[PDB]
There are 4 protein chains.
Amino acid sequence: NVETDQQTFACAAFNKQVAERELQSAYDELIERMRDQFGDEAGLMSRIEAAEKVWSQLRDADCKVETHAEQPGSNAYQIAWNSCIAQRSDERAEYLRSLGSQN
Amino acid sequence: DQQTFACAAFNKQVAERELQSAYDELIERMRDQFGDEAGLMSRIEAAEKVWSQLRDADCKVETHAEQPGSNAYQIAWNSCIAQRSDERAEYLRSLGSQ
Amino acid sequence: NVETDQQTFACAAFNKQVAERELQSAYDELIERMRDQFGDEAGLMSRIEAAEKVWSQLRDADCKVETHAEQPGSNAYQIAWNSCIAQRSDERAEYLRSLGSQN
Amino acid sequence: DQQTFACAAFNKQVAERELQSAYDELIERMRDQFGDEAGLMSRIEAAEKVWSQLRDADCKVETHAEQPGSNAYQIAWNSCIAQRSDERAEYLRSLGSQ
């Protein structure tokens, strides 16, 4: 199934792109929300950018664990990798949305 | 310990206060953005009611190995409720962010 | 974009099905893990089934809030609905996996 | 309150103990299922190290409105660490479940 089905493969790649675009939108909107509540507060935007950088490193480290049993480059590996990236990105997007609403 | 017991109870209270604040601020955000949109307040209220039912059902699963009415069960129950509440608060804060 | 693109629409529906199948697998495996650690403990499997039932009700209630600004039946609504179902299902699957590992 | 301060600190300790247990049990599950698979223990260790760096970076964002070194900042810091730890523990428990 995942080892051979074109739509499973194509949609895993496609949904990773959608999840990444939605995360970028969430990040961009958090910056604007934080600026609305706090102005360009000293260190704030740099701290948000630094955290997001470390997050992207974690995302990749965790996806290397989650996909450890799959063969790099295989259909199954790409689907697993892409699903992991999408899910992790969705969860990060939710977290960034939640931060803008801390009053 | 009296202290494990007291802190588990206190931290549940704190988590529920923050959840209530997240809920109230969501309602205000939604009204700000969408006004008296038909059904909107009612959908949010209904969802949160079902959530509290899930919270108790999941906590009954998580505490299954403890003896109900025991101090240990109550610590475990409070800890589960607190964590579930924190997760729900994050989710409500994430809603109506556009 | 989401209002008109076929692949966005098709992959949102497809990934909802994948997420639901993965959740069912996680649920089925939790039952087996709980049985391995505790046997058919009085009330345990019924409590797990009851919780999952309420969860499915919550999933739908929450997705009705998340999609409130979209028009029922529209491309945008279906994509939003399906993405919400998929994300909620992924998060539930992770939670059920985590429960089997509570020692 | 001395009690808010003490419970926030205590609950951080509890959350970190449960996270360490989740981490240790994950390692045991992984060894049970995959043996000395090349790179596997090292990948899990490396990921958890990066996670602790993210935890501190995100907590610095969450506590940005408080004065560092203040009792209020430390309560807020401990609460953030505890919740982040609980979330990580759930995630590690979810790994190697097949």
Side-chain angles (χ1 to χ4, degrees), chain A residues 2 23 26-27 30-31 33-72 76-77 80-81 83-85 87-102, chain D residues 19 22-23 25-27 29-35 37-66 68 72-73 75-77 79-81 83-97:
Chain A
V2 302
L23 172 59
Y27 179 87
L30 167 67
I31 297 292
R33 294 174 82 198
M34 289 298 283
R35 180 180 291 120
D36 291 348
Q37 201 190 164
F38 302 104
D40 197 15
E41 180 182 296
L44 185 50
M45 311 303 146
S46 287
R47 280 168 170 170
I48 293 163
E49 187 177 54
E52 192 71 2
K53 183 180 180 171
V54 183
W55 171 83
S56 75
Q57 299 165 26
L58 178 60
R59 174 203 65 209
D60 291 345
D62 284 335
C63 291
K64 288 176 180 167
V65 175
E66 293 200 26
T67 61
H68 77 94
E70 309 291 351
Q71 175 190 81
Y77 177 98
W81 181 271
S83 304
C84 180
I85 294 301
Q87 286 162 20
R88 286 305 284 272
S89 300
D90 290 342
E91 296 163 353
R92 188 66 175 180
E94 181 183 313
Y95 175 65
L96 294 184
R97 298 190 190 101
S98 83
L99 286 185
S101 301
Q102 293 170 194
Chain D
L19 175 52
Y23 181 92
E25 295 179 306
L26 174 59
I27 294 295
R29 277 201 300 290
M30 284 298 206
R31 289 195 184 117
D32 180 69
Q33 289 167 56
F34 300 106
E37 172 178 311
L40 178 54
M41 303 289 108
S42 291
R43 282 164 164 173
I44 291 164
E45 189 182 10
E48 189 73 0
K49 177 176 178 171
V50 186
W51 173 85
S52 69
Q53 293 170 334
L54 178 59
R55 172 201 72 210
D56 296 347
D58 282 340
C59 292
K60 279 170 177 162
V61 170
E62 295 200 33
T63 60
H64 76 94
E66 310 281 355
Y73 175 105
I75 292 160
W77 180 271
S79 306
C80 177
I81 296 296
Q83 183 171 340
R84 284 316 279 273
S85 303
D86 284 342
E87 289 159 351
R88 189 64 180 184
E90 173 179 321
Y91 172 66
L92 300 181
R93 288 192 300 271
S94 79
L95 295 180
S97 79

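Residue numbering restarts at 1 for every chain, and letters A, B, ... go by the order of the sequence lines. Reckoned from all heavy atoms, side chains included, excluding hydrogens, waters and symmetry mates.
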Go through it in stages, so that I can follow the logic: the residues are A:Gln87 and A:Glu91, the test is side chain to side chain donor-acceptor pair (under 3.5 Å), and I'd like the CA-CA distance, side-chain angles, deciding distance and then a yes or no.
CA-CA 6 Å; A:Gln87 286 162 20; A:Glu91 296 163 353; over 6 Å; no

Can you name the side chain to side chain donor-acceptor pair (under 3.5 Å) partners of D:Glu90, sequence neighbours left out?
none

With D:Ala76 via side chain to side chain contact (heavy atoms under 4.5 Å, CB included) - residues at least two apart:
D:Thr63, D:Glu66

Establish, from distance only, whether the side-chain atoms of D:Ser97 and D:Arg29 form a donor-acceptor pair under 3.5 Å.
no

Hey, could you give me each pair passing salt bridge (charged side-chain N to carboxylate O under 4.0 Å, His left out) that has a residue in residues 47-56 of chain A? Not counting sequence neighbours.
A:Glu52-A:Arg92

Spell out the residues in residues 54-61 of chain D that have some non-hydrogen atom less than 4.5 Å away from a non-hydrogen atom of chain A, in order of number; otherwise answer 'none'.
D:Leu54, D:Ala57, D:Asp58, D:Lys60, D:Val61

Please confirm whether the backbone N or O of D:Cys80 pairs with a side-chain atom of D:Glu62, one donor and one acceptor, at under 3.5 Å?
no

